[PDB]
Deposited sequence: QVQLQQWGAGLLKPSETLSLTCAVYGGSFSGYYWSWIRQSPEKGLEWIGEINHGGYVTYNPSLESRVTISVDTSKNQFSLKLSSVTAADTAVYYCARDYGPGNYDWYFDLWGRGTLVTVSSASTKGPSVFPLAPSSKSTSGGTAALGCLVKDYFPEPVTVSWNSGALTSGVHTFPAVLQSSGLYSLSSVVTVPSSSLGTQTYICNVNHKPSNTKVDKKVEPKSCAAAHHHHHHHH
């Protein structure tokens, strides 16, 4: 019953420095190598480097020039520092323990939960919420949350009431550096003037909550 907790900054501007820390709970720290691995939707899974109790390090060559991995043997903590970050370094960073059956520790048997790190020059902003009104036997309506930074943003329908027909779409980063997504729900065309439909959008990074009513045109 060993387990890893990680934490650190999740939103950086370019040229700044990524810093993250992993803590091992419930086992020894010396017998193992401890790795940092990141996962990009562009560049996929990529190993960054590893360290042991002795502070012996190996780095991925593609990164060695800006990486540092260090260890704090008094708290069973190792930590990653990546300098001069760029939009390319946006990814989920994992800590992990190396495992191998033989005289090599060459796979990964235990993983942190992951810490998503975003880098962007965009300054923080709140969503404009616009409606997607239906017409007239199934109808469809929804909300368009637009021009917000950074992630995340939550979107509920009818303060949690309506869940069945909902599809919330993954946000997409526009050329401005701002995200946009749309939520939609299919409802019976009968219930269109009867039942009233409201989408509640929460964007905690800007302290913005918005409830917009979708009424037929």
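Unmodelled segments of the deposited chain, in sequence order: 137-141, 223-235.
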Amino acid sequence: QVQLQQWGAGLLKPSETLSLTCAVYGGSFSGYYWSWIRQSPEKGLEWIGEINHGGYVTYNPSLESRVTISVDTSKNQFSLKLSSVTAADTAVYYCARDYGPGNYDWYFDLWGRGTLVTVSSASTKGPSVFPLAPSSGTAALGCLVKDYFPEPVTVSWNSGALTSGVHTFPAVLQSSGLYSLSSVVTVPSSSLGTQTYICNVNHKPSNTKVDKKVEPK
From here on, numbers count along this sequence of modelled residues.
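Here 156-164 and 176-184 are compared by their mean Cα B-factor, and 156-164 comes out higher.
According to the PDB record, 123-131 carries the higher mean C-alpha B-factor of the two stretches 123-131 and 92-100. Residue-level inspection of the entry shows that, of 39, 52, 190, 58, 190 has the top Cα B-factor.
The PDB entry assigns residue 138 a C-alpha temperature factor belonging to the highest third of its chain's modelled residues. Among all modelled residues in its chain, residue 84 ranks in the middle third by Cα B-factor. When the CA B factors of the chain's modelled residues are split into thirds, the value for residue 15 lands in the middle one. Among all modelled residues in its chain, residue 115 ranks in the lowest third by Cα B-factor.
Per the deposited record, the Cα B-factor of residue 44 falls in the lowest third when ranked against the other modelled residues of its chain.
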